[PDB]
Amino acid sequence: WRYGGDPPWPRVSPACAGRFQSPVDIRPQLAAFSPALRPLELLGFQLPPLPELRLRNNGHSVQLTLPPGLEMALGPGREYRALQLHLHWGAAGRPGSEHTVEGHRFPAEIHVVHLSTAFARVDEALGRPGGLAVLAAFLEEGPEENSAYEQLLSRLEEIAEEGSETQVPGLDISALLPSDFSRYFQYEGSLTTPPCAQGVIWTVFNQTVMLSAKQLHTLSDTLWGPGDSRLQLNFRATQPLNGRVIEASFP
C-alpha cells in the first residue's frame, strides 16, 4: 500500500472500508463535553540515554520504536503500554496533519501508539474495542527550535533512504507531546493506515507542540519513500464521523 495511489486500501484490507474510520474533522461545537475524561497519566516516559532506540524510515513515516515499561492511562482501569511513535506531514507550504479542526489542517501530527495491558500483542488487539490507544498532537510553527524534536530531526539525514534506520539515545518521550494533558478530544476510530482496524481510542490534545520553521522543513524535505518519490503528504483524507460523537474533556 502507499499514499496518493493504488492499490485501493479496501483491496489491501476490507476494514479500510469500515463505517468508523480515522482520522476525522473535529468540530468542537458538535463535541460532547464529558467530565469523566480526566487528565492522561504517563509513567516511565523519561528514558535514560542507554539503551538506544531505533528510528526508522519505513517509507510511510519516520517511526521511533519504544522500549518496554512506558505506561499510559486514559483513566482509572484504562491502562496501556507505549509501542512506538511516528509522524504525518505535508510539503513546502502544504500542511499534513491527519486530523483537522473545523477543516483546518495543521503542518504535522505526532501519533504515540499504545497497546492495552489486557493484550500481549498488537495482532491480538486489532479490531477489539479499546485494544489500541493513540495519543495525537498537532505540530505548529513556533519561534524556538524544539530541543526534544531536534534529537530525532537531526538524525533524518542518516535515514533519508526508504527502509533505512539508525540508533538514537533515550530521551524524555513526554517532551514530544504538549505539556497540557487535561484538555483533549476523544473518540473511537481506526488505524489511519492499513489494515485500518476499528476499536482504536483516539485522544487529540487541545494544546499544540511548537517546532521551528527549519524543523518543519527538515521533517518534510529529508526522507524518501516508495520508488524515487519524496516522503511527503503522508496523511489519510478525513473520514466521516457517521454518527459517532467526539467527546471533549472541557466545555
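Residue positions are given as counts along the sequence shown, with the first one as 1.
Higher mean CA B-factor, judged across 111-119 and 175-183 from the recorded values: 175-183. When the mean C-alpha temperature factors of 32-40 and 206-214 are read from the deposited coordinates, 32-40 comes out higher. Sorting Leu87, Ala148, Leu135, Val101 by the CA temperature factor given in the entry leaves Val101 at the top. When all modelled residues of the chain are sorted by CA temperature factor, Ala92 is found within the highest third.
Split the chain's modelled residues into thirds by C-alpha temperature factor. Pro226 is in the highest one. Per the PDB record, residue ranking by Cα B-factor puts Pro23 in the lowest third of the chain. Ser220: CA B factor in the highest third of modelled residues in this chain (values from the PDB entry).
When the CA B factors of the chain's modelled residues are split into thirds, the value for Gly77 lands in the highest one.
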